[PDB]
Amino acid sequence: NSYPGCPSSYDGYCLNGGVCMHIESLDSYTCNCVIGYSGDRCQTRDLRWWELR
């Protein structure tokens, strides 16, 4: 269901990593946040602690 789906405008909408998806139903195009940070879009990044750049 959560297959990789996201037009071009979804290549910088998120400042953090983010995993672009389309999600069934309606649009909802977005980038799944990650482990360590979240919010509108991990805007609340716990800085460097998890991944690496």
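Backbone-built Cβ (ideal geometry, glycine too); neighbour counts: all protein chains shown. Every number here is computed from the coordinates shown, using simple stated rules; none is lab data.
Residues are listed down the side, and each one gets a yes or a no for (1) of a type outside the set (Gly, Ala, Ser); (2) touching a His at 6+ places or on another chain (Cβ under 6 Å); (3) assigned to a loop (DSSP other than H, G, I, E, B):
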position: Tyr3; (1), (2), (3): yes, no, yes
position: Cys6; (1), (2), (3): yes, no, yes
position: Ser9; (1), (2), (3): no, no, yes
position: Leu26; (1), (2), (3): yes, no, yes
position: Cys31; (1), (2), (3): yes, no, no
position: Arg48; (1), (2), (3): yes, no, yes
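Filtering the range 11-29 to residues that are at negative phi and surrounded by 15 or more Cβ atoms within 10 Å (Cβ to Cβ) leaves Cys14, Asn16, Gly17, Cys20, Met21, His22, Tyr29. Of everything in the range 30-52 that is of a type in the set (D, E, K, R), surrounded by 10 or more Cβ atoms within 10 Å (Cβ to Cβ) and more than 13 Å from the chain's Cα centre (by Cα), the residue that is farthest from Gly17 (Cα to Cα) is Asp46.
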